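Student: The structure under discussion is supplied below as structure tokens; questions concerning it will follow.
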Amino acid sequence: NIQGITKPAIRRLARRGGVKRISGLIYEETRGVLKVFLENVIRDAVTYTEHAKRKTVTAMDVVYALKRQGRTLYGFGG
Amino acid sequence: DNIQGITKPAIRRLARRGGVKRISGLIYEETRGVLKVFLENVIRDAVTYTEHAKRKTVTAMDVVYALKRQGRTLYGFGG
Amino acid sequence: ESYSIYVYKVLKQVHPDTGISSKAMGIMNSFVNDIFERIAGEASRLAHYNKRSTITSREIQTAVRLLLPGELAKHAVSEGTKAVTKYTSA
Amino acid sequence: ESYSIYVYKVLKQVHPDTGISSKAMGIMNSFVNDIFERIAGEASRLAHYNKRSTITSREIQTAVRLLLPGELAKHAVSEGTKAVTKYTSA
Amino acid sequence: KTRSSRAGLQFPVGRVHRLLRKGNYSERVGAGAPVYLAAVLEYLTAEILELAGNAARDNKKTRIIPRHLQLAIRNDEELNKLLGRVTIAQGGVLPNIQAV
Amino acid sequence: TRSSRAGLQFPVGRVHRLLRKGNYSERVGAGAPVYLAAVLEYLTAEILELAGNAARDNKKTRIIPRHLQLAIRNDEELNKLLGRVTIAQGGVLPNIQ
Amino acid sequence: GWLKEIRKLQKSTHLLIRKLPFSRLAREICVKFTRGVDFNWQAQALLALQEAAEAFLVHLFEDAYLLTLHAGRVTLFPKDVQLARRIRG
Amino acid sequence: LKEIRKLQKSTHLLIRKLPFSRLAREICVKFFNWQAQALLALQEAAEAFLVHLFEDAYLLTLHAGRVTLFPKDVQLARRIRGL
DNA sequence: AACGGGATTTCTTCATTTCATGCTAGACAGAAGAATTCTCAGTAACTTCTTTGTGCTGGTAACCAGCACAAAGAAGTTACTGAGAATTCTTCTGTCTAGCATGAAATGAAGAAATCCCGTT
DNA sequence: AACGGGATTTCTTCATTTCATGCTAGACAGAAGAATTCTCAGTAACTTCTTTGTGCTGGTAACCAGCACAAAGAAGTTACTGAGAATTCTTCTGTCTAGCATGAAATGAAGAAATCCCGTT
């Protein structure tokens, strides 16, 4: 499932940031990382959602959660 | 020029204690450099506080709130 | 509800010949609350350190003073300590 | 008035033999405080987000889950979960 | 008779005031705090839309989209500071590269 | 005391106030300040538990800030929590990469 | 594709990681923190997730590619995208 | 590499006080009276800054292989922290 | 090893909880709205997944070119007290100066489709 | 440059805000005891100094062991597009609870004294 992220995908990213030669393992050092992230981010954003006793996570359910990791996402205020 | 109150031997202690071995040459100014954008940055956010309640006496707590506002909590000074 | 409509009129103020989208509206709208939340906060953290149980126009001032940087700060002051006056005397 | 009368009470509870320097007592209280806040903090905020003016124990619990890491969470919650009932059934 | 046009402001003095008593940031709010604050947000709100609108013109465009707010921010000494850990959506990035 | 019913040691009483006085709300539940008092006690007894083992570990019978600094950086779960903190007079983890 | 494509995407503004493979990905990592349940994800709440996740890998890449160019190289390595994830906190 | 295991084992604030004390009131006078206590807090936090600063910065020196610090480092370091 | 400065302990008056009893409010419990989000089906439409081919990037071992650690015999100037000298936090008082409280009337701001209209196809 | 499907505008309402005054109250400006913050001076005296050298480390090539970008290909995977069901957030309406008030004592606590003792000298 993790292989959901292709090669040029992770690359494009790695490219946007200004990277020339994208090494080997890198491709999995992203599936790896992006995994730690969506984790700490979804577990947070889900606890808030189980508080309001909801079966649907809310846009705001996530944002509040980034706002805990130290990332203030903007464009979504419900 | 009181930015020289910190010295080659002193900067080497912090450098050394930080797991640093063979220090470089200019790291004896770099220090004298950042320590001045830290203290400077921490002073302002901390002076305004003293300047808010009113007085000419900056308490460790005018500071500590400055360090939290900083994103760097400090322990052992409260009340 | 939200600041959207206000974020619009003002937009027209400092820029008439210009428009906006909706996502870029979402951000504005996400911007306002983001600064509100910081100012009223650190101003709330302010009226607290000094036992005062009320937020003055002075709290919000020394509060902005502490949240907005060098040049941004100065102008939010003159738009404030000049918004209290034209509110009081008139 | 500070918690150093309670921090110490717990100190010699777990190591009734050991003492503590008044300088660690500064860390102690500074800490307890830094913790009281962060939890009651994101609780004010949690009762706030889900449109209410009440802070149940239920809040000061999802408030902890969200602040205390790993097993420091799955233990402090059953330390409250346990300390609240024993209260009700006073 | 609006408290906002009385303070010469566009942004709601009224709303903010209330928004200031609910989140319980205190027990009592000045009569000037919720007219000073609301005026600071107007500036900032007009402060970005100022630039973000410009870049829009520099980008040969007369429509504020998320991308324009991105450059308005990342191309201003003050803003970037303020908006440290912020992440604009559909933002994109500054076209900066560097070789060996 | 109320900490008696809850069977704590940390002021269920004090917190309640310190909790309605901070304006964290305008209406405070009755289980809340009781709960927080227990959660505070745990964490505080918690860290001491380590501060004081490594205190007898490091051959010393009195707790100094240094010991608090060690229980911290030596608890996978505590260092995470106490990320943005720094103890007054506490050296560091003797570590040469 | 070097100095030529590493200036097309900066100019771009959209997503880079396909929507659905990611969508699927969130719902699963969602399956853990719930005792093993389903959970509706606001189609809205999903994009948000990514928007940030992206700018997190990008910035986290460039914030590291300055670590590669330090050891005098031009090839990012799993050596770099872990030094910073230890030089941030 | 002698003192390494001497100071790691200690806690005494390395930089003297007085030098520092003026260094502060100076960036202060740019805007009083300082409880002698508060000058420690603006100290303990000060050195605590530098310490974890080189440390975090040396990994930047031991990544390019190097073993000798360089300002080249306390600028890539302070750069990945956003400070 | 040993005694010097920091607790540990025990005592006292003092502020802060606490239980009484209403008094509002706040949570609540199903009944169903109005949402939108899961569900599959089912196609269309790229975008992925190769499989060499190999340019040249990262090494790794050499050499050259210096930069940095090292006591040392000193005296600069940082500690540490001590006693002030007195500048100023802080606590009080008593009365100002003022935001809180309604009870509703009215003006404002959020919403529901519809002609125009700007980047994008 | 020809269009796709968002902004931009009107046009009507349910609320939210502004009103009007009467009040409890947080607040503030004039007194003042005194903790300290600043300092001067000392006898201590630790530290930072200044330096001549050579050791151990960094700066460049050299010559190269493989890695990663470029394709021309092969055909499975992303898009959504609905639409039904419905899986569910969301409201609603006042009983049943539940927590806020206001006090009057009644204790749990902060703050000095003094013996009692750990771990820098």
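Here, each number is a calculation from the coordinates, and none is a lab measurement. Cβ sites come from the backbone with ideal geometry, for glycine too, and all protein chains shown count toward neighbours.
Student: Can you spot a residue in segment D:5-21 that is at the interface with chain F (Cβ under 7 Å from one of its Cβ atoms) and under 30 Å from C:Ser44 (Cβ atoms)?
Tutor: yes
Student: Can you name the condition, by its number, that E:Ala99 falls short on among (1) assigned to a helix (DSSP H, G or I); (2) within 14 Å of chain A (Cβ to nearest Cβ)?
Tutor: With respect to (1) assigned to a helix (DSSP H, G or I); (2) within 14 Å of chain A (Cβ to nearest Cβ), E:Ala99 is out only on (1).
To keep it simple, each residue is scored yes or no on (1) aliphatic (A, V, I, L, M); (2) crowded, with 18+ Cβ neighbours inside 10 Å.
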{"site": "C:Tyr3", "(1), (2)": "no, yes"}
{"site": "C:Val32", "(1), (2)": "yes, yes"}
{"site": "C:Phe36", "(1), (2)": "no, yes"}
{"site": "C:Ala47", "(1), (2)": "yes, yes"}
{"site": "C:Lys51", "(1), (2)": "no, no"}
{"site": "C:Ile60", "(1), (2)": "yes, yes"}
{"site": "C:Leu66", "(1), (2)": "yes, yes"}
{"site": "C:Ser78", "(1), (2)": "no, no"}
{"site": "C:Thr81", "(1), (2)": "no, no"}
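Student: Then there is this: Restricting attention to helices (runs of 4 or more DSSP H) lying wholly within chain H, give those where 1 or more residues are more than 7 Å from chain B (Cβ to nearest Cβ) and under 24 Å from B:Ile43 (Cα atoms).
Tutor: Output list reads H:18-28, H:38-58, H:77-80.
Student: Does segment A:58-73 include one or more residues that are more than 22 Å from G:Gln42 (Cβ to Cβ), hydrophobic (A, V, I, L, M, F, W, C) and touching a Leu at 6+ places or on another chain (Cβ under 8 Å)?
Tutor: no
Student: Okay, next question. Among the residues of segment B:1-17, write down those that are at the interface with chain H (Cβ under 8 Å from one of its Cβ atoms), among the basic types (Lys, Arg) and within 12 Å of DNA strand J (Cβ to nearest atom).
Tutor: Residues satisfying the conditions are B:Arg13, B:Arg16.
Student: Follow-up. For C:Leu72, all conditions in the list (1) in contact with a helix residue (DSSP H, G or I) (Cβ under 9 Å, 6 or more places away or on another chain); (2) more than 7 Å from chain E (Cβ to nearest Cβ); (3) surrounded by 15 or more Cβ atoms within 10 Å (Cβ to Cβ) hold save one; what is the number of the exception?
Tutor: Of the numbered conditions (1) in contact with a helix residue (DSSP H, G or I) (Cβ under 9 Å, 6 or more places away or on another chain); (2) more than 7 Å from chain E (Cβ to nearest Cβ); (3) surrounded by 15 or more Cβ atoms within 10 Å (Cβ to Cβ), the odd one out for C:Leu72 is (2).
For every residue, the table says whether it meets (1) of a type outside the set (A, V, I, L, M); (2) surrounded by 23 or more Cβ atoms within 10 Å (Cβ to Cβ); (3) under 25 Å from C:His48 (Cβ atoms).
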{"site": "F:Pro11", "(1), (2), (3)": "yes, no, yes"}
{"site": "F:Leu18", "(1), (2), (3)": "no, no, yes"}
{"site": "F:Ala30", "(1), (2), (3)": "no, no, yes"}
{"site": "F:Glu46", "(1), (2), (3)": "yes, no, no"}
{"site": "F:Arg56", "(1), (2), (3)": "yes, no, no"}
{"site": "F:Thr61", "(1), (2), (3)": "yes, no, no"}
{"site": "F:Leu68", "(1), (2), (3)": "no, yes, no"}
{"site": "F:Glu76", "(1), (2), (3)": "yes, no, no"}
{"site": "F:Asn79", "(1), (2), (3)": "yes, no, no"}
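Student: For segment A:10-28, does any single residue satisfy the condition of being surrounded by fewer than 21 Cβ atoms within 10 Å (Cβ to Cβ), away from DNA strand I (no atom under 12 Å from the Cβ) and either closer than 23 Å to G:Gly89 by Cβ or within 17 Å of the chain's Cα centre (by Cα) (or both)?
Tutor: Yes, there is a match, as at least one residue in segment A:10-28 is surrounded by fewer than 21 Cβ atoms within 10 Å (Cβ to Cβ), away from DNA strand I (no atom under 12 Å from the Cβ) and either closer than 23 Å to G:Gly89 by Cβ or within 17 Å of the chain's Cα centre (by Cα) (or both).
Student: Is it fair to say A:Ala45 is closer than 30 Å to E:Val100 by Cβ, in contact with a strand residue (DSSP E or B) (Cβ under 9 Å, 6 or more places away or on another chain) and either away from DNA strand I (no atom under 12 Å from the Cβ) or among the hydrophobic types (A, V, I, L, M, F, W, C) (or both)?
Tutor: Considered against the rule, which asks whether it is closer than 30 Å to E:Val100 by Cβ, in contact with a strand residue (DSSP E or B) (Cβ under 9 Å, 6 or more places away or on another chain) and either away from DNA strand I (no atom under 12 Å from the Cβ) or among the hydrophobic types (A, V, I, L, M, F, W, C) (or both), A:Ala45 comes out as no.
Student: How about segment D:1-49: which of its residues are under 17 Å from the mean Cα position of the chain (by Cα) and among the acidic types (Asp, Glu)?
Tutor: Once the filter is applied, which keeps residues that are under 17 Å from the mean Cα position of the chain (by Cα) and among the acidic types (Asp, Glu), segment D:1-49 yields D:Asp34, D:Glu37, D:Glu42.
Student: Starting from segment C:29-57, take each residue that is within 8 Å of chain E (Cβ to nearest Cβ) and list its partners that are surrounded by fewer than 16 Cβ atoms within 10 Å (Cβ to Cβ) and of a type in the set (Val, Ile, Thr), counting only C-beta distances under 7 angstrom and pairs at least six apart or across chains.
Tutor: Taking only residues 6 or more apart or on different chains, the pairs are C:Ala47/C:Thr54.
Student: Here's something else I'd like to know. Do you know which of the residues in segment A:59-78 that are touching a strand residue (DSSP E or B) at 6+ places or on another chain (Cβ under 9 Å) and of a type in the set (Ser, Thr, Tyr) is nearest to C:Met25 (Cα to Cα)?
Tutor: Among those residues, the one meeting the criterion is A:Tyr74.
Student: May I ask you to verify whether A:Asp44 is surrounded by 22 or more Cβ atoms within 10 Å (Cβ to Cβ) and either within 9 Å of DNA strand J (Cβ to nearest atom) or over 25 Å from G:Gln10 (Cβ atoms) (or both)?
Tutor: no
Student: Can you work out which of the residues in segment F:23-53 that are more than 7 Å from chain D (Cβ to nearest Cβ) and in a loop (DSSP other than H, G, I, E, B) is farthest from D:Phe31 (Cα to Cα)?
Tutor: Filtering first and then ranking leaves F:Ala30.
Student: Within segment E:67-78, is there a residue that is in a loop (DSSP other than H, G, I, E, B) and not aliphatic (A, V, I, L, M)?
Tutor: There is at least one residue in segment E:67-78 that is in a loop (DSSP other than H, G, I, E, B) and not aliphatic (A, V, I, L, M).
Student: Sticking with this one: Out of everything in segment A:55-78 that is within 12 Å of DNA strand I (Cβ to nearest atom) and in contact with a helix residue (DSSP H, G or I) (Cβ under 8 Å, 6 or more places away or on another chain), what residue ends up being nearest to E:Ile64 (Cα to Cα)?
Tutor: Ranking the qualifying residues of segment A:55-78, first place goes to A:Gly78.
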